[PDB]
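>
Protein chains: 2
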Amino acid sequence: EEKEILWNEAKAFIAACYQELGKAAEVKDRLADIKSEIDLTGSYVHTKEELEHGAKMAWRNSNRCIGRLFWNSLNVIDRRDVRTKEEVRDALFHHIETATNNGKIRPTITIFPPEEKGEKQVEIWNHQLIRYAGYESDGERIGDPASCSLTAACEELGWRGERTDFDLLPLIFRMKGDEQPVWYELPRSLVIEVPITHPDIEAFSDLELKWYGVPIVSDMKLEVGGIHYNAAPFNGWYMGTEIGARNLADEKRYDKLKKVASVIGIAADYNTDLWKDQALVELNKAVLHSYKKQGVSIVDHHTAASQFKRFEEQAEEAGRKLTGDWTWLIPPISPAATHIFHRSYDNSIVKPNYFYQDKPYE
Amino acid sequence: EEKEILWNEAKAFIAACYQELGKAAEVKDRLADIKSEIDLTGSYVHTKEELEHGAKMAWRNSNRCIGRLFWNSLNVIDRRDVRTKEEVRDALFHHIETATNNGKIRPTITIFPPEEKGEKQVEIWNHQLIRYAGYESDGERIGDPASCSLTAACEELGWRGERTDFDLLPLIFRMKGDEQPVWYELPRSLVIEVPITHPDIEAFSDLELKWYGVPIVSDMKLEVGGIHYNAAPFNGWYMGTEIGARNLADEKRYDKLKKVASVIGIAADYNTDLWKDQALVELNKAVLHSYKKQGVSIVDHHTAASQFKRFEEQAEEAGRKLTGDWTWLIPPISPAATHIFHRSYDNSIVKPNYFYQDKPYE
Ligand code: HEM
Ligand code: HEM
Ligand SMILES: CNCCc1cccc(OCc2ccc3ccc(N)nc3c2)c1
Ligand SMILES: CNCCc1cccc(OCc2ccc3ccc(N)nc3c2)c1
Ligand SMILES: C[C@H](O)[C@H](O)[C@H]1CNc2nc(N)[nH]c(=O)c2N1
Ligand SMILES: C[C@H](O)[C@H](O)[C@H]1CNc2nc(N)[nH]c(=O)c2N1
Ligand SMILES: [Cl-]
Ligand SMILES: [Cl-]
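Quick mapping for you: the protein sequence lines, in order, are chains A and B.
Counting from 8, one number per residue, gives the positions in the first sequence under the numbering used here.
Counting from 8, one number per residue, gives the positions in the second sequence under the numbering used here.
(1) Is B/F315 near ligand 2, judged by its Cβ being under 7 Å from some heavy atom?
(2) On the three-state DSSP scale, how would you describe B/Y298?
(3) With a cut-off of 8 Å on the beta carbons, I'd call residue 1 of chain B and B/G251 a contact; round off their distance for me.
(4) Return the bridge partner residues of A/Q135 from the DSSP annotation.
(5) Within 10 angstroms of the Cβ of B/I149, are there 16 or more other Cβ atoms? Answer buried if so, exposed if not.
(6) Less than 7 Å between the CB of B/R138 and some heavy atom of ligand 5, yes or no?
(7) Going along the chain, which residues of the stretch 302-330 of chain B sit with their C-beta nearer than 7 Å to a C-beta in chain A?
(8) Is any non-hydrogen atom of ligand 8 found closer than 7 Å to the C-beta of B/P222, if you look at the structure I gave you?
(9) For the stretch 214-241 of chain A, enumerate the residues whose C-beta is nearer than 9 Å to any C-beta of chain B, in chain order.
(10) Among the candidates B/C155, B/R138, B/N254, B/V95, whose CA atom is the shortest distance from the CA of B/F119?
(11) Please go through the same chain and pick out, in chain order, the residues whose beta-carbon is closer than 6 Å to the beta-carbon of B/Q314, but skip the five residues on each side of it.
(12) In the structure shown, what three-state DSSP assignment does A/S144 receive?
(13) B/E209 to B/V267, Cα distance in whole Å?
(14) Starting from the beta carbon of A/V288, find every residue of chain B whose beta carbon is closer than 7 Å, and list them in chain order.
(15) Let me check you understand the geometry: is the CB of residue 1 of chain B closer than 7 Å to at least one non-hydrogen atom of ligand 4?
(16) Which residue comes first and which comes last in the alpha helix (DSSP H) that contains B/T48?
(17) The beta strand (DSSP E) that contains A/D85, what's its start and end?
(18) Could you please give the first and the last residue of the uninterrupted beta strand (DSSP E) stretch that includes A/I179?
(19) Out of A/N237, A/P202, A/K358, which one is the CA nearest neighbour of A/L295?
(20) Could you confirm whether any beta carbon from chain B is found closer than 8 Å to the beta carbon of A/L175?
(21) Does B/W333 come within less than 8 Å of chain A when only Cβ atoms are used?
(22) Please return the same chain residues whose Cβ sits closer than 7 Å to the Cβ of B/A31, not counting the five positions on each side in sequence.
(23) Decide yes or no for the touch test of the stretch 260-274 of chain A against the stretch 357-367 of chain B: beta carbon pairs closer than 8 Å, at least 3 of them.
(24) Buried or exposed for A/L47, going by 16 or more other Cβ atoms inside 10 Å?
(25) Under the criterion of a Cβ to heavy atom distance below 7 Å, does A/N254 qualify as lining ligand 7?
(26) Is it buried or exposed, A/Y236, if we count other Cβ atoms within 10 angstroms and call 16 or more buried?
(27) Kindly provide the ranges of any alpha helix (DSSP H) runs that are 4 or more residues long and lie completely inside the stretch 300-357 of chain A, ordered along the chain.
(28) Using a C-beta to C-beta distance shorter than 7 Å, which residues of chain A count as neighbours of B/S341?
(29) Pull up the DSSP beta-bridge partners for A/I234, would you.
(30) Starting from A/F362, trace the alpha helix (DSSP H) both ways and give me its first and last residue.
(31) Does ligand 2 have even one heavy atom less than 7 Å from the beta-carbon of B/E230?
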C-alpha cells in the first residue's frame with residue numbers, strides 16, 4: 008500500500024533533484040530502477056549525490072530558518088554505513104570536531120542509516136549534541152531548565168552531573184534491538200566554549216556566563232523522497248540573539264536579565280525605564296563581542312536578515328517559490344529594524360525538509 | 008435580498024448584546040420590532056444603549072489590539088444627529104478636546120450617521136484626526152512620508168502646508184451630495200504636542216523631535232449588527248513603541264536612528280555593535296520619559312502586555328473565546344520579553360468590529 012506513498016515522494020524528488028543537477032535526461036532511467044527496487048524490496052537507496060542534494064534542498068525549504076542563503080554549501084557526511092554503537096559515537100564525535108573547525112564553523116550534517124519499516128536503526132536522544140544539563144529539586148534550580156527531562160533520563164541510566172549551571176550532557180542514543188540507550192561523556196577537548204564578556208563594561212565577567220560554540224540539532228528527522236532519516240544531526244553557526252535573547256534571557260531558561268541590569272548599573276524597578284530592553288541589548292552586544300573575540304563564528308540579526316534578503320532575491324531569480332514562517336523568521340530583538348518584519352511569507356511545507364519527531368524520554 | 012444579510016447580523020448581535028446586558032427577556036420583542044423595521048424600511052436604528060455596547064464589543068473583538076483590557080470603559084459619543092459640515096467639524100473638534108482631557112486621555116469614539124444604501128452620509132479622509140503632513144519633491148523629503156498622498160490631496164484643495172517636518176494636516180471630510188470634501192485647519196489650542204527629551208542625555212533635545220499626544224484613528228469602519236458606521240473615529244492613548252520604534256524609527260517614516268546614535272554618542276558603523284538596537288531602546292526611553300513628564304497618558308509595552316494578559320484571563324472567566332493576531336500583538340522591541348510572544352492566538356474575525364475601507368484619495 009505504502010509503496011505508493013514512497014513512489015510518489017520518490018518521483019517528485021528525483022525529477023526536481025536531477026533537474027537542479029542538470030541531469031534531466033537521466034531521470035527516466037533512474038526512476039525505472041527505483042520503480043523496480045520499490046516493488047521488489049519495499050524501499051530504495053539514494054546515491055551519495057542524491058542524498059547530498061536532498062539534504063541541501065531540505066535546508067532550503069526550512070521555513071523557520073533565517074540562515075538559508077548558504078543552503079548549497081552544506082557539508083554532507085554520509086554515514087549510512089554505521090552498524091555499531093562505537094561507530095555512531097565516533098561519527099558524532101567527528102561531526103563535532105569537523106563542524107567546529109577550530110572556531111571557523113562549517114555548516115555540516117552527518118546522515119545515519121534511515122528508518123526501514125518505520126523501524127529506526129539509530130535513535131538519538133539529545134536535542135543538540137552539545138547542551139547543558141538542568142536540575143530542579145527542593146526549590147533548587149540549576150543549569151538549563153529546558154534540559155530537565157533529558158537530564159533526569161540520563162541520571163536514571165547511571166550518569167551523574169556535577170550540578171554546575173553548565174554540566175555538558177553526555178551523548179545518548181539507542182541502537183535498534185537494544186532496549187536501552189547508551190551514553191558517552193563528551194571529551195572536553197572537542198567542545199569549544201565562549202566566556203561572555205562585554206566590550207566596555209568590565210564588571211560583566213562577574214556574571215560568569217558562557218555558552219557552547221556550536222549548536223548541533225540532533226533530534227529532527229530529515230525526509231528526502233519518501234526516505235526517513237530520523238537520525239541526521241546538523242549544524243550552522245549561532246545568530247547572537249538565540250543566545251543573548253533566549254537561552255540566557257528567557258524566564259524559563261537562564262533568566263539573567265535582572266543580573267545583567269545590576270552589572271550594567273541600571274535599576275530594575277520600573278517598566279517605563281525599559282530596563283529589560285536595555286539589558287537585552289547589552290547582553291546581546293556581549294555575546295557577539297565574546298564569540299568574535301575568541302574567533303568563533305556567529306552572525307548578528309541584522310547581517311543575517313540582509314543575507315536572508317539575498318536568499319529571497321536568489322529564490323526569485325531561480326524561479327523557485329519562497330516559503331517562510333514570519334513568526335520564526337523575525338529576530339526577537341528589534342524585529343521591525345529588519346525587512347523581514349515588513350513583509351509576509353507563505354508558510355507552506357515543501358519537501359525535502361526537516362521535521363519534529365516524538366521524544367523517546369518523557 | 009440583502010435585507011437577509013442585515014437581518015442575520017442583527018439577530019446575532021441583539022442576542023449577544025442583550026445577553027451581556029442582562030436583558031435577555033427583552034430580545035424576542037426587540038427582534039420583533041427590528042424584523043418589521045427591516046421589512047418596511049430596508050434598515051433599522053440602534054438604541055443609544057445598543058450602539059454604546061456594540062462599539063465596546065467591537066473594540067473587544069479587535070484581534071490586533073493589545074489594549075483591549077479596557078474595552079468596557081470606552082467613552083461613546085452618539086453623533087448620529089449631525090446633518091451639516093459645521094456640525095461634523097465641531098464634533099471632530101470636540102472629540103479631540105474631550106479625549107485629550109488636558110493629558111489624562113479618555114478612550115473615546117464619536118459615532119456619525121451610518122451608511123444608508125451603502126451610501127455614506129459623511130466620509131472622513133484623515134487617517135488620524137491629528138497627523139503630520141509629508142512632502143517629497145526634487146529629492147527633498149519633509150515631514151511624514153506616510154502622509155504624502157493625503158498631503159498632496161489637501162494641497163489640491165487650496166490648503167498649503169508650511170513644510171516643517173511637523174505641519175498639522177487640516178481635518179478633511181466629504182458630505183453626501185458634495186462632490187468635493189471641505190477642509191478645516193486644526194486650532195492649535197486643541198492639539199497637545201510633546202517635545203522628546205531623554206531622562207539623562209541632555210543632547211537628546213538637539214534632535215528637536217516631537218509627537219502629538221493623542222492618536223485618533225478616523226478612517227476605519229465600525230460594523231455593528233449589519234449597520235455600517237464608516238465614519239466613527241476612535242482613540243486610546245499611545246503605547247510608547249508606536250512612536251519610538253515605528254513613527255520615529257522606520258526608514259519609510261522619520262528614519263531617526265542614525266541621528267539618535269550620534270546624540271547618544273555611539274558609532275553607527277558596524278552591525279555587530281547593535282547600534283540600531285541601542286538607539287531604539289534610548290529613543291523609546293525618551294518617548295516614555297517625555298510623555299510622562301508632560302502629564303500626557305502613555306503606556307510602555309511591558310505594562311501593556313501585562314494588561315493584555317488580564318484581558319485574556321478576563322475573557323476566559325466570562326466564557327468568551329479570545330481572538331488575536333500575534334503578528335500585531337507582539338511589540339516591535341523586546342517582543343520575547345512579553346508573554347504574548349510565547350503563546351499562539353486564534354485570528355478569527357468576530358463581529359462587531361472595526362474594518363479597513365478604501366481611501367477616497369489615491
Ligand atoms: C549557517 C548558519 C545558520 C543560522 C545562523 C541559522 C539560523 C537559524 C535560526 C535563528 C533559527 C530559529 C531557531 C530558534 O529560534 O529556535 C533557525 C531555525 C532552523 N534552522 Fe537554521 N541556521 C543556520 C543553519 C542551518 C542549517 C545548516 C540547517 C539544516 C541543514 C538549518 C535548519 C533550520 C531548521 C530546520 C530550523 C527550524 C527548527 C524548528 O522548527 O525548530 N539551519 N535557523
Ligand atoms: C486605550 C489605549 C489603547 C492602546 C494602548 C492600544 C494599543 C494598540 C496598538 C499598539 C495597536 C497596533 C497598532 C499599530 O501597530 O499600528 C492597536 C491596534 C488597534 N487598536 Fe488599539 N489601543 C488602545 C485603544 C483602542 C481603542 C479605544 C480602540 C477602538 C475602540 C482600538 C482598536 C484598535 C484597532 C481596530 C486596531 C487595529 C487597527 C488595524 O488593523 O490597523 N484600540 N492598538
Ligand atoms: C527555541 N525553539 C526550540 C524548539 C525546538 C525543538 C527542536 C529543534 C529546534 O531547532 C531550533 C534550531 C534548529 C536549527 C538551527 C540551526 C542553526 C542555528 N543557529 N539555530 C538553529 C535552531 C527547536
Ligand atoms: C502601522 N499600521 C498602519 C496601517 C493602519 C491603517 C489604518 C488604521 C491603523 O490603525 C493602527 C491603530 C489603530 C488603533 C489604535 C488605537 C490606539 C493606539 N494606541 N494605536 C492604534 C493604532 C493602521
Ligand atoms: C502581516 C505582515 O507580517 C506585516 O509585515 C505586518 C507585521 N506587523 C505589523 N505591525 C504593525 N504595528 N504595523 C504594521 O504595519 C505591520 N505589518
Ligand atoms: C507560534 C507561536 O507564536 C510561538 O510562540 C512561537 C513564536 N516564535 C518562536 N520563535 C523561537 N525562536 N522559538 C520559539 O520557541 C517560538 N515560539
Ligand atoms: Cl540553542
Ligand atoms: Cl500612530
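C-beta atoms are modelled at their ideal positions from N, C-alpha and C, and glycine is treated no differently.
The answer reads as follows:
(1) Taking the second sequence and counting its residues from 1, the one referred to as residue 315 of chain B is at position 308. The answer is no for B/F315.
(2) Along the second sequence, read from residue 1 onward, the residue named residue 298 of chain B stands at position 291. If DSSP states are grouped into helix, strand and coil, B/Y298 belongs with the helices.
(3) Because residue 1 of chain B is not part of the residues shown, which for chain B are 8 to 369, the question remains open.
(4) For the purposes of this step, residue 135 of chain A is taken as the residue at position 128 of the first sequence. For A/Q135, the beta-bridge partners assigned by DSSP are A/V224.
(5) Here residue 149 of chain B is taken as the residue at index 142 of the second sequence, counted from 1. Classification for B/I149: buried.
(6) In the second sequence, the residue the question calls residue 138 of chain B occupies position 131. Not so, every heavy atom of ligand 5 lies at least 7 Å from the Cβ.
(7) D307, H309, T310
(8) Working through the second sequence from its first residue, we reach residue 222 of chain B at position 215. Result yes, Cβ under 7 Å from ligand 8.
(9) none
(10) Residue 119 of chain B sits at position 112 when you count from the first residue of the second sequence. Relative to the Cα of B/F119, the nearest Cα in the group B/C155, B/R138, B/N254, B/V95 belongs to B/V95.
(11) For the purposes of this step, residue 314 of chain B is taken as residue 307 along the second sequence, with counting starting at 1. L76.
(12) Here residue 144 of chain A is taken as the residue at index 137 of the first sequence, counted from 1. A/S144: strand per DSSP, three-state reduction.
(13) The residue you call residue 209 of chain B lines up with position 202 of the second sequence. The residue you call residue 267 of chain B lines up with position 260 of the second sequence. C-alpha separation (whole angstroms): 12 Å.
(14) On the first sequence, position 281 is the one that residue 288 of chain A refers to. Result: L281, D284, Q285, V288.
(15) Residue numbering for chain B in the displayed model covers 8 to 369; residue 1 of chain B lies beyond these limits and cannot be assessed.
(16) In the second sequence, counting from the first residue as 1, residue 48 of chain B sits at position 41. Start and end: 34-48.
(17) On the first sequence, residue 85 of chain A is found 78 positions in, with the first residue counted as 1. Residues 82-85.
(18) One-based indexing of the first sequence puts residue 179 of chain A at position 172. Element bounds for A/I179: 178-182.
(19) Counting from 1 along the first sequence, the entry for residue 295 of chain A is found at position 288. Comparing Cα positions, the closest option is A/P202.
(20) Looking up residue 175 of chain A in the first sequence gives position 168. No, A/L175 does not count as interfacial toward chain B.
(21) Locating residue 333 of chain B in the second sequence gives position 326, counting from the first residue. Judged by the 8 Å Cβ criterion, B/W333 is in contact with chain A.
(22) Within the second sequence, numbered from 1, the residue matching residue 31 of chain B stands at position 24. Cβ within range, chain order: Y25.
(23) no
(24) Taking the first sequence and counting its residues from 1, one reaches residue 47 of chain A at position 40. Result: exposed.
(25) In the first sequence, the residue the question calls residue 254 of chain A occupies position 247. A/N254 Cβ: within cutoff of ligand 7.
(26) Numbered from 1 along the first sequence, position 229 holds the residue referred to as residue 236 of chain A. With 16 or more other CB atoms across the displayed protein chains lying within 10 angstroms of its CB, A/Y236 is buried.
(27) Counting whole runs of 4 or more residues, the stretch 300-357 of chain A contains the alpha helix (DSSP H) stretches 308-324, 333-336.
(28) By one-based count along the second sequence, residue 341 of chain B stands at place 334. Correct list: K283, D284, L287, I340.
(29) Taking the first residue of the first sequence as 1, we reach residue 234 of chain A at position 227. Paired residues: A/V231.
(30) Locating residue 362 of chain A in the first sequence gives position 355, counting from the first residue. Note, A/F362: premise wrong, no alpha helix (DSSP H); beta strand (DSSP E) at 360-362.
(31) Position 223 of the second sequence holds residue 230 of chain B. The closest heavy atom of ligand 2 lies 7 Å or more from the beta carbon of B/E230.
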